[PDB]
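Peer 1: Before we start, here is the structure in question, set down as structure tokens.
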6 protein chains.
Amino acid sequence: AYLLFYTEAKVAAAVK
Amino acid sequence: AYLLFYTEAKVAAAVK
Amino acid sequence: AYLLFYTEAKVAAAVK
Amino acid sequence: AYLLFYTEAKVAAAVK
Amino acid sequence: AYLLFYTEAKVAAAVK
Amino acid sequence: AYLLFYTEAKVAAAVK
Ligand SMILES: [Cl-]
Ligand SMILES: [Cl-]
Ligand SMILES: [Cl-]
Ligand SMILES: [Cl-]
Ligand SMILES: [Cl-]
Ligand SMILES: [Cl-]
């Protein structure tokens, strides 16, 4: 799995 | 587009 | 341009 | 000291 | 567990 | 001071 920080603003995290 | 930081280590960025 | 994450708290993003 | 970004969501920062 | 980005430089990630 | 993560790639950090 990847660790992911993403935003378009708040930064949200996800582990996919 | 969304700004993305990702890693499996080095953190890398992308703009998608 | 640069991608920037910054904070003094919430992390905010910018593309400059 | 180390710079730290952490989350369980909102990403938060710390300088320890 | 927490998702963690940390640095003293390279940013490294960890999931604790 | 601000904590800054930035990149044009590797993510680098600064405290200003
Ligand atoms: Cl916001
Ligand atoms: Cl590495
Ligand atoms: Cl605060
Ligand atoms: Cl939230
Ligand atoms: Cl380095
Ligand atoms: Cl490159």
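Chain labels A, B, ... are given in the sequence in which chains occur in the structure tokens; within each chain residues are numbered consecutively from 1, and ligands are likewise numbered from 1 in the order shown.
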Counting only C-alpha atoms, collect the residues of chain F whose closest atom lies at most 8 Å from chain B, and write them out as an NGL selection string.
Peer 2: :F and (7 or 9-11)
Peer 1: Take the residues from that selection and write them out as a JSON list (two decimals), in the first residue's frame, keeping N, CA and C atoms.
Peer 2:
[["chain", "number", "residue", "atom", "x", "y", "z"],
["F", 7, "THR", "N", 8.56, 21.44, -2.97],
["F", 7, "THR", "CA", 9.13, 20.63, -4.03],
["F", 7, "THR", "C", 8.80, 21.23, -5.39],
["F", 9, "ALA", "N", 11.41, 14.34, -8.40],
["F", 9, "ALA", "CA", 11.29, 15.41, -7.41],
["F", 9, "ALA", "C", 11.27, 14.87, -5.99],
["F", 10, "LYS", "N", 11.92, 15.64, -5.05],
["F", 10, "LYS", "CA", 11.94, 15.27, -3.65],
["F", 10, "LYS", "C", 11.27, 16.38, -2.84],
["F", 11, "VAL", "N", 10.54, 15.98, -1.80],
["F", 11, "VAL", "CA", 9.96, 16.92, -0.85],
["F", 11, "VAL", "C", 11.02, 17.28, 0.17]]
Peer 1: I need the residues of chain C that end up classed as strand (DSSP E or B) by DSSP on the backbone, written out as a ChimeraX atom specification.
Peer 2: /C:3-7,12-15
